[PDB]
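Engineer: Okay, here's the structure, questions in a sec.
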4 protein chains.
Amino acid sequence: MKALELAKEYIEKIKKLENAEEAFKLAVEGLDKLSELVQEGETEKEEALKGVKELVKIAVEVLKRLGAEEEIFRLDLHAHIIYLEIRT
Amino acid sequence: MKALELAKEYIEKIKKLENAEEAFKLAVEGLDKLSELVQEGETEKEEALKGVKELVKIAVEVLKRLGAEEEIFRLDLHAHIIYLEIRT
Amino acid sequence: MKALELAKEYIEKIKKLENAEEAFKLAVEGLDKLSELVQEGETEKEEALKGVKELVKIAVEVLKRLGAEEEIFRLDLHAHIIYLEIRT
Amino acid sequence: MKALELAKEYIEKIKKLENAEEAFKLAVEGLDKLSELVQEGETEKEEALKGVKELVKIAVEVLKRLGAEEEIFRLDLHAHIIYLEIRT
Ligand SMILES: [Zn+2]
Ligand SMILES: [Zn+2]
Ligand SMILES: [Zn+2]
Ligand SMILES: [Zn+2]
């Protein structure tokens, strides 16, 4: 279950953070790697979508702790583009 | 008619606002939830598209009252990505 | 030929400008209306794509006159999203 | 192999840079031209995707040298939109 383990790893990493550029960088990276996972054919679409949603939830929570509103909208936009990218 | 009722609720909320980050946050949230509505299979595409257009119209009107041009373009971009997201 | 006439009208409007927020606003509006043209079924995809390209060329030229680099990238991104929006 | 030669030309250009707005401008331009390559029917999708990935890797490396984080996220977003644009 590569998608859920990647989401797991990235959620773990991100929860530790008290910097917002750092957490944003990591969230977008995790989303990139979630999309890369599907493109190579190594997990089904539904699994990647689940991972994206869980990672994004955690990342947006952290960002809201640090008050990083701009970054929150930026990650949501990227999440929506990533979401489109996965469904072919 | 879940889409129109969600658009209705969000239009109602947003019209009350005199803050631009608040109205922007709410518009994008409503658009997220409009897209989420379809993904679960709980309303047809045409209905969600209508809701997105009506919500976006109201939100952009409010934002123009408060002079929030940056946010206006940001919501339009998100509206277009959401629109793509709905049509599979 | 609704697409080319809309592009024509908007190119005409935009060439007159010496403000960059104004020209950007108008370019994005023209692109919105170009996409709206297709959605209603009132011109073929190829025609709208042509109009988008010509309008975007003119708008980016004007913006470069005024040195509005941020807006240029923003219009290009919106142009690419609009382009995706048209091809279903 | 038009895609790889375009990526090659642009990678060559970009490696020379010590300005971040310049390298960003060039990366996005190369990605535009990579997408334009496919639309005219002059290279297969897989080739353009390879070129986009290699160009983006180099550009993001340069940008990280110059500390241009905002531009990095902007190029990644554009890379994802370009990627969607290529797969029809
Ligand atoms: Zn990305
Ligand atoms: Zn969203
Ligand atoms: Zn638009
Ligand atoms: Zn572009």
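Starting from 1 in every chain, residues are counted up; chains themselves are A, B, ... following the order of the structure tokens, and ligands are numbered from 1 as listed.
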Mind checking which residues fall within 10 Å of residue B:7, counting only C-alpha atoms, ignoring those fewer than 6 positions away in the same chain, and posting them as a ChimeraX atom specification?
Structural biologist: /B:13,27,30-31,33-34,48,50-56,58
Engineer: Can those selected residues be exported to a file as a PDB file, in the first residue's frame so that it contains N, CA, C and O atoms?
Structural biologist:
ATOM      1  N   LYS B  13     -23.937  32.998   3.941  1.00  0.00           N
ATOM      2  CA  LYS B  13     -22.844  33.313   4.852  1.00  0.00           C
ATOM      3  C   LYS B  13     -22.028  34.485   4.329  1.00  0.00           C
ATOM      4  O   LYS B  13     -21.787  35.465   5.039  1.00  0.00           O
ATOM      5  N   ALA B  27     -15.486  31.323   0.260  1.00  0.00           N
ATOM      6  CA  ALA B  27     -15.792  30.999  -1.121  1.00  0.00           C
ATOM      7  C   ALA B  27     -15.050  29.746  -1.555  1.00  0.00           C
ATOM      8  O   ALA B  27     -15.644  28.821  -2.124  1.00  0.00           O
ATOM      9  N   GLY B  30     -16.550  26.713   0.057  1.00  0.00           N
ATOM     10  CA  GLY B  30     -17.775  26.319  -0.613  1.00  0.00           C
ATOM     11  C   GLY B  30     -17.514  25.616  -1.926  1.00  0.00           C
ATOM     12  O   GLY B  30     -18.174  24.633  -2.250  1.00  0.00           O
ATOM     13  N   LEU B  31     -16.530  26.093  -2.687  1.00  0.00           N
ATOM     14  CA  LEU B  31     -16.199  25.437  -3.948  1.00  0.00           C
ATOM     15  C   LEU B  31     -15.626  24.046  -3.714  1.00  0.00           C
ATOM     16  O   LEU B  31     -15.940  23.102  -4.452  1.00  0.00           O
ATOM     17  N   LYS B  33     -16.408  22.140  -1.245  1.00  0.00           N
ATOM     18  CA  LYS B  33     -17.489  21.268  -0.828  1.00  0.00           C
ATOM     19  C   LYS B  33     -18.437  20.988  -1.981  1.00  0.00           C
ATOM     20  O   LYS B  33     -19.027  19.906  -2.053  1.00  0.00           O
ATOM     21  N   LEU B  34     -18.554  21.918  -2.921  1.00  0.00           N
ATOM     22  CA  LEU B  34     -19.328  21.643  -4.123  1.00  0.00           C
ATOM     23  C   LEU B  34     -18.698  20.511  -4.928  1.00  0.00           C
ATOM     24  O   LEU B  34     -19.397  19.608  -5.400  1.00  0.00           O
ATOM     25  N   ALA B  48     -23.903  20.878  -9.647  1.00  0.00           N
ATOM     26  CA  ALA B  48     -22.701  21.427  -9.042  1.00  0.00           C
ATOM     27  C   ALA B  48     -22.157  22.603  -9.843  1.00  0.00           C
ATOM     28  O   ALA B  48     -21.694  23.591  -9.264  1.00  0.00           O
ATOM     29  N   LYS B  50     -23.806  24.732 -11.709  1.00  0.00           N
ATOM     30  CA  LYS B  50     -24.660  25.874 -11.403  1.00  0.00           C
ATOM     31  C   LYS B  50     -24.293  26.489 -10.057  1.00  0.00           C
ATOM     32  O   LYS B  50     -24.141  27.714  -9.935  1.00  0.00           O
ATOM     33  N   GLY B  51     -24.170  25.644  -9.026  1.00  0.00           N
ATOM     34  CA  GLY B  51     -23.840  26.152  -7.704  1.00  0.00           C
ATOM     35  C   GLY B  51     -22.520  26.897  -7.678  1.00  0.00           C
ATOM     36  O   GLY B  51     -22.409  27.967  -7.071  1.00  0.00           O
ATOM     37  N   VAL B  52     -21.501  26.338  -8.334  1.00  0.00           N
ATOM     38  CA  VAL B  52     -20.205  27.005  -8.415  1.00  0.00           C
ATOM     39  C   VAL B  52     -20.355  28.381  -9.039  1.00  0.00           C
ATOM     40  O   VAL B  52     -19.782  29.361  -8.555  1.00  0.00           O
ATOM     41  N   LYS B  53     -21.128  28.483 -10.119  1.00  0.00           N
ATOM     42  CA  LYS B  53     -21.232  29.772 -10.794  1.00  0.00           C
ATOM     43  C   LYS B  53     -21.935  30.797  -9.919  1.00  0.00           C
ATOM     44  O   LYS B  53     -21.512  31.954  -9.849  1.00  0.00           O
ATOM     45  N   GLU B  54     -23.000  30.391  -9.235  1.00  0.00           N
ATOM     46  CA  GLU B  54     -23.746  31.347  -8.423  1.00  0.00           C
ATOM     47  C   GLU B  54     -22.929  31.790  -7.216  1.00  0.00           C
ATOM     48  O   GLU B  54     -22.842  32.992  -6.910  1.00  0.00           O
ATOM     49  N   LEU B  55     -22.318  30.830  -6.525  1.00  0.00           N
ATOM     50  CA  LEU B  55     -21.451  31.160  -5.407  1.00  0.00           C
ATOM     51  C   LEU B  55     -20.333  32.087  -5.850  1.00  0.00           C
ATOM     52  O   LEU B  55     -20.071  33.101  -5.200  1.00  0.00           O
ATOM     53  N   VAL B  56     -19.671  31.763  -6.961  1.00  0.00           N
ATOM     54  CA  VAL B  56     -18.542  32.568  -7.408  1.00  0.00           C
ATOM     55  C   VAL B  56     -18.998  33.980  -7.740  1.00  0.00           C
ATOM     56  O   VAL B  56     -18.314  34.957  -7.422  1.00  0.00           O
ATOM     57  N   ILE B  58     -21.458  35.685  -6.400  1.00  0.00           N
ATOM     58  CA  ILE B  58     -21.680  36.441  -5.168  1.00  0.00           C
ATOM     59  C   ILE B  58     -20.349  36.796  -4.503  1.00  0.00           C
ATOM     60  O   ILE B  58     -20.124  37.936  -4.067  1.00  0.00           O
TER      61      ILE B  58
END
Engineer: Find the residues around residue D:85 up to 12 Å (only C-alpha atoms counted), leave out those fewer than 5 positions away in its own chain, and share them as a PyMOL selection string.
Structural biologist: (chain A and resi 81+84-85+88) or (chain C and resi 77+79-88) or (chain D and resi 31-39+45+48-49+52+78-80)
Engineer: DSSP on the backbone, helix (DSSP H, G or I) only: what residues of chain A does that give? Format it as a ChimeraX atom specification.
Structural biologist: /A:2-15,20-39,45-65,69-86
Engineer: As a VMD selection string, please: the residues near residue D:23 (cut-off 7 Å, only C-alpha atoms, same-chain neighbours under 4 positions excluded).
Structural biologist: chain D and resid 14 17 19 27 59
Engineer: Have a look at B:2, B:20, B:41, B:74 and name the one nearest to chain C; count only C-alpha atoms.
Structural biologist: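 That would be B:74, the residue with the smallest distance to chain C.
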Engineer: How many Å separate atom CA of residue D:16 from atom CA of residue A:24?
Structural biologist: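 Interatomic distance, atom CA of residue D:16 to atom CA of residue A:24: 28.8 Å.
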Engineer: What is the atom CA of residue C:26-atom CA of residue D:75 distance in Å, reported with one decimal?
Structural biologist: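 Rounded to one decimal, the two atoms are 24.2 Å apart.
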Engineer: In Å to one decimal, how far is atom CA of residue C:70 from atom CA of residue B:70?
Structural biologist: 11.4 Å
